[PDB]
file data02.txt (compact mmCIF, C-alpha atoms and all ligand atoms)
# COMPACT_ATOMS: atom_id res chain seq x y z
CA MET S 1 -14.00 -17.26 -3.78
CA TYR S 2 -13.56 -13.48 -3.54
CA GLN S 3 -10.61 -11.10 -3.88
CA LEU S 4 -9.77 -7.87 -2.06
CA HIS S 5 -8.35 -5.17 -4.34
CA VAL S 6 -6.70 -2.32 -2.43
CA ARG S 7 -5.15 0.83 -3.84
CA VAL S 8 -3.01 2.47 -1.16
CA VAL S 9 -3.34 6.02 -2.45
CA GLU S 10 -1.84 8.56 -0.07
CA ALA S 11 -1.55 9.73 3.51
CA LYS S 12 -1.56 13.09 5.26
CA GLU S 13 -1.27 14.72 8.68
CA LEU S 14 1.71 12.51 9.54
CA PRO S 15 3.71 13.25 12.70
CA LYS S 16 7.35 14.24 12.78
CA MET S 17 9.22 10.92 13.14
CA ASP S 18 12.84 12.12 12.65
CA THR S 19 14.26 14.82 14.91
CA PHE S 20 15.91 16.61 11.95
CA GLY S 21 13.61 15.27 9.23
CA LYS S 22 9.96 14.67 8.51
CA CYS S 23 8.69 11.16 7.79
CA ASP S 24 9.96 8.45 5.39
CA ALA S 25 6.57 6.86 5.06
CA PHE S 26 5.53 3.45 3.82
CA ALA S 27 2.46 1.34 4.44
CA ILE S 28 2.04 -2.39 5.11
CA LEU S 29 -1.14 -4.38 4.46
CA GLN S 30 -2.03 -7.60 6.28
CA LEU S 31 -5.18 -9.68 5.90
CA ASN S 32 -6.04 -11.29 9.27
CA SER S 33 -2.70 -12.67 10.59
CA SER S 34 -1.60 -14.01 7.21
CA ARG S 35 2.15 -14.28 6.67
CA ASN S 36 1.63 -12.85 3.14
CA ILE S 37 2.26 -9.15 3.75
CA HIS S 38 2.19 -6.32 1.19
CA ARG S 39 4.33 -3.19 1.38
CA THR S 40 4.45 0.12 -0.50
CA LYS S 41 7.55 2.01 -1.52
CA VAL S 42 8.98 4.59 0.85
CA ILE S 43 8.31 8.25 0.06
CA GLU S 44 11.29 10.06 1.61
CA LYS S 45 11.07 13.20 3.75
CA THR S 46 7.37 14.07 3.46
CA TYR S 47 4.27 14.38 5.62
CA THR S 48 1.95 13.85 2.60
CA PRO S 49 3.16 10.71 0.79
CA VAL S 50 1.42 9.60 -2.42
CA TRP S 51 2.01 5.95 -3.35
CA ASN S 52 -0.94 4.98 -5.61
CA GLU S 53 0.06 1.31 -5.37
CA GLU S 54 -2.38 -1.56 -6.01
CA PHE S 55 -2.51 -4.92 -4.26
CA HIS S 56 -4.66 -7.99 -4.77
CA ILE S 57 -5.27 -10.20 -1.73
CA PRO S 58 -7.36 -13.41 -1.84
CA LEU S 59 -10.08 -13.33 0.82
CA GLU S 60 -10.86 -16.36 2.97
CA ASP S 61 -14.13 -14.95 4.37
CA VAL S 62 -15.84 -11.78 3.13
CA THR S 63 -17.30 -11.05 6.57
CA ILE S 64 -14.89 -12.14 9.30
CA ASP S 65 -11.72 -11.09 7.46
CA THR S 66 -9.91 -7.98 8.68
CA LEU S 67 -7.44 -5.75 6.85
CA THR S 68 -4.72 -4.27 9.07
CA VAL S 69 -2.93 -1.25 7.60
CA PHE S 70 0.36 -0.27 9.26
CA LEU S 71 2.04 3.09 8.68
CA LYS S 72 5.79 3.21 9.33
CA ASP S 73 8.74 5.62 9.04
CA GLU S 74 11.85 4.09 7.47
CA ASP S 75 15.03 4.87 9.43
CA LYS S 76 18.79 4.60 8.84
CA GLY S 77 19.72 1.55 10.92
CA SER S 78 18.46 -2.02 10.92
CA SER S 79 14.95 -1.08 12.12
CA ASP S 80 12.04 1.20 11.20
CA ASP S 81 9.88 3.53 13.29
CA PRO S 82 6.24 2.44 13.69
CA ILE S 83 3.77 5.34 13.34
CA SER S 84 0.19 4.05 13.54
CA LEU S 85 -2.24 1.37 12.38
CA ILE S 86 -5.90 0.77 11.65
CA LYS S 87 -7.91 -2.45 11.65
CA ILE S 88 -10.59 -2.38 8.95
CA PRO S 89 -13.32 -5.06 9.14
CA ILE S 90 -13.99 -6.33 5.63
CA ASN S 91 -17.72 -6.94 6.21
CA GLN S 92 -18.44 -3.20 5.88
CA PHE S 93 -17.67 -3.09 2.13
CA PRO S 94 -20.66 -3.83 -0.15
CA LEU S 95 -19.81 -6.65 -2.51
CA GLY S 96 -18.72 -5.40 -5.92
CA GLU S 97 -18.59 -1.73 -4.91
CA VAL S 98 -15.48 0.41 -5.22
CA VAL S 99 -15.19 2.44 -2.00
CA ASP S 100 -12.74 5.38 -1.86
CA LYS S 101 -12.29 6.56 1.71
CA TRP S 102 -9.99 8.13 4.30
CA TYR S 103 -9.16 6.26 7.50
CA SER S 104 -7.84 7.73 10.73
CA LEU S 105 -4.90 5.70 11.98
CA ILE S 106 -4.39 5.02 15.68
CA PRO S 107 -0.88 6.10 16.73
CA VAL S 108 1.45 3.78 18.58
CA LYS S 109 2.75 4.58 22.07
CA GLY S 110 4.96 7.67 22.00
CA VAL S 111 3.51 9.14 18.78
CA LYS S 112 1.28 12.19 19.09
CA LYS S 113 -0.83 11.81 15.93
CA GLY S 114 -1.43 8.82 13.72
CA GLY S 115 -2.24 10.45 10.41
CA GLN S 116 -4.94 9.64 7.88
CA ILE S 117 -4.61 7.23 4.94
CA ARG S 118 -6.69 7.02 1.75
CA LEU S 119 -7.55 3.55 0.45
CA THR S 120 -9.62 2.42 -2.50
CA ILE S 121 -11.04 -0.98 -1.54
CA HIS S 122 -13.06 -3.31 -3.75
CA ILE S 123 -14.26 -6.82 -2.90
CA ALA S 124 -14.99 -8.63 -6.16
CA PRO S 125 -15.46 -12.21 -7.40
CA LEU S 126 -12.23 -13.77 -8.63
CA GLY S 127 -11.65 -12.99 -12.30
CA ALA S 128 -13.69 -9.78 -12.25
CA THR S 129 -11.90 -6.59 -13.28
CA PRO S 130 -10.25 -4.87 -10.29
CA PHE S 131 -11.56 -1.46 -9.22
CA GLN S 132 -14.57 -1.50 -11.57
CA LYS S 133 -18.09 -1.83 -10.19
CA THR S 134 -19.30 -5.45 -10.34
CA CA U 1 12.43 7.98 12.74
CA CA U 2 13.00 8.22 9.06

call {"tool": "encode", "arguments": {"input": "data02.txt", "output": "structure tokens"}}
result
Amino acid sequence: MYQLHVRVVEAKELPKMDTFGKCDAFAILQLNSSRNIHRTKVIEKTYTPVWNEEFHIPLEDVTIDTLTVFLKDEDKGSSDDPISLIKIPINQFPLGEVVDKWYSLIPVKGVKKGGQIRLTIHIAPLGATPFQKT
């Protein structure tokens, strides 16, 4: 068994998602199509949100698993405003290494730019210390 440790650090270059505002940005993490979803806090009225939030997701397969990262803009009614997403194959991360990297998000229809998000990702055997080289 292996575990995927993910620090959702920050994002930048976000589009304007509110006609009289900026972006009320939060991120969502999903392994494969698992119903166990992880969400950051919202950072209100910014194009450069910093969350620095850690999540720990059990992996079912260290090669075929995929991490989908959704970026969204929180709005005032019952729904939010999708911005962009990226699908990150898990096989590209060397086992036990802590990889700090920026990822260009692909914007949804009707959004001019998708932004970039910084993630620290670390696949490690269960019980090993998160975010330390193994
Ligand atoms: Ca909006
Ligand atoms: Ca908003």

call {"tool": "closest_atom_pairs", "arguments": {"input": "data02.txt", "of": "chain S", "to": "ligand CA 2 (chain U)", "cutoff": "6 Å", "atoms": "all atoms listed in the file", "output": "CSV"}}
result
residue,atom,partner,partner_atom,distance
S:18,CA,U:CA2,CA,5.3
S:23,CA,U:CA2,CA,5.4
S:24,CA,U:CA2,CA,4.8
S:73,CA,U:CA2,CA,5.0
S:74,CA,U:CA2,CA,4.6
S:75,CA,U:CA2,CA,3.9

call {"tool": "closest_residue", "arguments": {"input": "data02.txt", "among": "S:22, S:17, S:6, S:102", "to": "residue 82 in chain S", "atoms": "all atoms listed in the file"}}
result
S:17

call {"tool": "closest_residue", "arguments": {"input": "data02.txt", "among": "S:28, S:67, S:123, S:62", "to": "residue 4 in chain S", "atoms": "only C-alpha atoms"}}
result
S:123

call {"tool": "residues_around", "arguments": {"input": "data02.txt", "residues": "range 104-121 of chain S", "least_positions_apart": "3", "cutoff": "7 Å", "atoms": "only C-alpha atoms", "output": "number ranges by chain"}}
result
S: 5-15, 82-86, 98-101

call {"tool": "write_last_selection", "arguments": {"input": "data02.txt", "atoms": "C-alpha atoms", "output": "mmCIF file, in the coordinates of the input"}}
result
data_model
loop_
_atom_site.group_PDB
_atom_site.id
_atom_site.type_symbol
_atom_site.label_atom_id
_atom_site.label_comp_id
_atom_site.auth_asym_id
_atom_site.auth_seq_id
_atom_site.Cartn_x
_atom_site.Cartn_y
_atom_site.Cartn_z
ATOM 1 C CA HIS S 5 -8.350 -5.170 -4.340
ATOM 2 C CA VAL S 6 -6.700 -2.320 -2.430
ATOM 3 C CA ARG S 7 -5.150 0.830 -3.840
ATOM 4 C CA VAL S 8 -3.010 2.470 -1.160
ATOM 5 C CA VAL S 9 -3.340 6.020 -2.450
ATOM 6 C CA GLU S 10 -1.840 8.560 -0.070
ATOM 7 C CA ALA S 11 -1.550 9.730 3.510
ATOM 8 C CA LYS S 12 -1.560 13.090 5.260
ATOM 9 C CA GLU S 13 -1.270 14.720 8.680
ATOM 10 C CA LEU S 14 1.710 12.510 9.540
ATOM 11 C CA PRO S 15 3.710 13.250 12.700
ATOM 12 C CA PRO S 82 6.240 2.440 13.690
ATOM 13 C CA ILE S 83 3.770 5.340 13.340
ATOM 14 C CA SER S 84 0.190 4.050 13.540
ATOM 15 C CA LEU S 85 -2.240 1.370 12.380
ATOM 16 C CA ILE S 86 -5.900 0.770 11.650
ATOM 17 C CA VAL S 98 -15.480 0.410 -5.220
ATOM 18 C CA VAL S 99 -15.190 2.440 -2.000
ATOM 19 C CA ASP S 100 -12.740 5.380 -1.860
ATOM 20 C CA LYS S 101 -12.290 6.560 1.710
#

call {"tool": "closest_residue", "arguments": {"input": "data02.txt", "among": "S:26, S:103, S:20, S:2", "to": "residue 41 in chain S", "atoms": "all atoms listed in the file"}}
result
S:26

call {"tool": "atom_distance", "arguments": {"input": "data02.txt", "atom1": "CA of residue 21 in chain S", "atom2": "CA of residue 38 in chain S"}}
result
25.7 Å

call {"tool": "closest_residue", "arguments": {"input": "data02.txt", "among": "S:69, S:25, S:90, S:128", "to": "residue 37 in chain S", "atoms": "all atoms listed in the file"}}
result
S:69

call {"tool": "closest_residue", "arguments": {"input": "data02.txt", "among": "S:129, S:48, S:19, S:36", "to": "ligand CA 1 (chain U)", "atoms": "all atoms listed in the file"}}
result
S:19
